[PDB]
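What follows are C-alpha cells for two forms of the same protein chain, given separately as structure 1 and structure 2.
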Structure 1
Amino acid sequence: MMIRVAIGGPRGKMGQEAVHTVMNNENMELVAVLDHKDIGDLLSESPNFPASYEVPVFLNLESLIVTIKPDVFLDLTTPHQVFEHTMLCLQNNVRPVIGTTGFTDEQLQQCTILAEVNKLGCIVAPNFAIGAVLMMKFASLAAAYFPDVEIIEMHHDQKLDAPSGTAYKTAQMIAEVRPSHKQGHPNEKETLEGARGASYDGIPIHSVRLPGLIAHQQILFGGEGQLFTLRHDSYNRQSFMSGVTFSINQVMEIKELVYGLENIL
C-alpha cells in the first residue's frame, strides 16, 4: 500500500529535501534514486545522507525502471534531461511527477499525449508551493478585469532557465482569458536591448536572478488610476515539500497528464 518512489537528482537543492520528505512520509517508500555522478551503490554512501538511507543509486533511468519498477518517479534534475526522463517513464509504466522546469510547449504536448495513450498519471508542477498555485489561479480570474498585465519573476542566481516555469504557466493561464495584444506605447523604442523583457502573447515577462533570493513572483495588472498586484514569496525549499507530497499522492489517482496543481486543489 506504500507508494514506491524513485527520485532524480537526490543531491540537488530540491532533491535532498524531497529525499527527506519522502523518507519521513509514512505512506511512501523511497525505493531508488537516479544520479549522473558515481556516488556509490547506496545514497547512505553520500554525506548529507545518513547511514539509514540504504536507497539504491542508479546512473541510468531505464536500468532503474526495469530493476525497481517504481510507482512514481520524482524528477528534480535539469532542463537538459527533463523531456527524456519523463518520456522514459511514460512508456515504461511509471507515473512521473516533474518538478524540473524547462519543457518546450511541443515536448509538454507530446508528454500529454503519451500519458493519455498509456492511461498513466503524470503531474508537471511548475511550482509546488501552495501560495504560488493560488497566485496562478487568481491570475486567471484577475485577467478578466485587467487586460494589461506584466509578470516579474525572481529566483536565486543558480537557476538555469528564464523565464521560470511558473511565469510560463502564469502567462498561459492569463493568455486564455486575456485578448491577445501588445502593451506599451506602439512607438516605444528600446534603446538598451531587452529592457521591455520577454513576451508571451503580448504579456511581458521579466526575470531577476540574484544571490539570496529563493523563488518569487509578482503579477502587476494596470488599470484606471490604479494597480492590482498578486505576489508570492517562497523563503526556503521546505515551502515546496507539502506540494511534493501532495503531488505523489495525487498522481496515483489520475490516468492522464495534469499540468499545474491549480486543477486539483
Structure 2
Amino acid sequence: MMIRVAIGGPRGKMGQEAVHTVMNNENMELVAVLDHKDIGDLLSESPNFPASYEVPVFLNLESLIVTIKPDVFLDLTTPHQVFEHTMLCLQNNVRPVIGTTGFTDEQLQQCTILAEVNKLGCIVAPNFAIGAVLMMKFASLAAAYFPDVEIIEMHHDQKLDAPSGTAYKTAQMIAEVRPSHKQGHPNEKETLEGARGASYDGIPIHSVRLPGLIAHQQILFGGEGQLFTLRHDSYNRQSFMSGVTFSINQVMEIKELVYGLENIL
C-alpha cells in the first residue's frame, strides 16, 4: 500500500535529500514535517521549509502524529531527541526510521523491547548508504576466507578526523570474524614514521585527504596469488538515498527493532 511518511529535520543537508527522495518515490507520500528554526535565523539567509498544503509543518511530534497519522516517521534530527521521538512513535503505531545515533544502552533497550511487544518495525541506520553498508557486510563475510586485509579511505581535505567513522565501523565489523593478528613481516620497520598506517585489531587503516575527493573506501583482501577488493565511491548525498528508500519500505515489513542496515540487507 502507499506509505505515508513524515520527516523530522527536513532542512538539513541529509533532510533536503530525503525530502526529494520521498517525494519522488512512487509508493511514498510526504505528508508532514517536524521542523523548527533558530530564533535568530534571518529568513533571507535561512529560509523556512516551503509552505504547502500537502506537507504541513509541525513543531511538536505528538501533534503531528495525532493529526496526520503517518505510517513512518523518518528522524533526521539530533542525538539528544531520537529517544523521545522513537518512544513516542512506537506507542502510537508509527514506525520510526532513525538516521542518527544517540541512544544510550538503556534507551535502546527500552525502544527494542517496546517495538517487540507492539510488533512494530523500527530501523536505526547510522549509515544509510547501501553501497557503503554492503561493502562492510561483504567484508565481514570475506574475512572468513581472507584474514589478511587493509582498509584505505579517502575524503576531501576539510575532514577533521582520521580515520573515518566508516573505516572504524568497517574494521569493527571485520574484527567480529577475522582472528586477531597483526600483519606485515614481524621484523619490518618504518623508516618514515607512519608509513604503515593505523591499526585496529591488527588491521591497517590508511587515510587519504585531497581536494576533489568526496568519500571513498577500498578494502583489500590479500591471499596467495590474488587480491580481492571491495570499493565504494560516494559523489554526493544522493548516495544515502537508496538506504532511506529501503529503510522506509522494509520497516513496514518487520515487527521488531533493527540496529544497522547490515542486519537487514
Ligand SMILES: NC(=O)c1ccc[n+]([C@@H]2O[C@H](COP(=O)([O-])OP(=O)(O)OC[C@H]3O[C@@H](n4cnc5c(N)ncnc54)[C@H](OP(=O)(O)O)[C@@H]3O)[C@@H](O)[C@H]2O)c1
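Rigid core here is just the name for the largest C-alpha set that superposes within 1.5 Å across the two forms. Shifts are known only where both forms have a C-alpha. Counting starts at 1 and follows the sequence of structure 1.
In this pair, structure 2 matches the form deposited without the ligand, whereas the other structure does not. Among the candidates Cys111, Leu76, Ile151, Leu120, the CA atom that moves 2 angstroms or more between structure 1 and structure 2 after core superposition belongs to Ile151 alone.
In a rigid-core overlay of the protein, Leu227 has its C-alpha displaced by at least 2 Å between structure 1 and structure 2. Residue displacement note: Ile203 has its CA displaced by at least 2 Å between structure 1 and structure 2 (rigid core superposed).
Relative to the superposed core, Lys169 undergoes a Cα shift of 2 Å or more between structure 1 and structure 2. The two forms line up on their rigid core, and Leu59 then has its Cα shifted by 0.4 Å between structure 1 and structure 2. Summarising the core-aligned comparison between structure 1 and structure 2, the C-alpha atom of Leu134 is found to shift 2.8 Å.
Per-residue C-alpha deviation between structure 1 and structure 2, core superposed: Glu188, 20.6 Å. Core-superposed comparison between structure 1 and structure 2: runs of at least three consecutive shared residues with Cα shifts of 2 Å or more are located at 36-54, 134-236.
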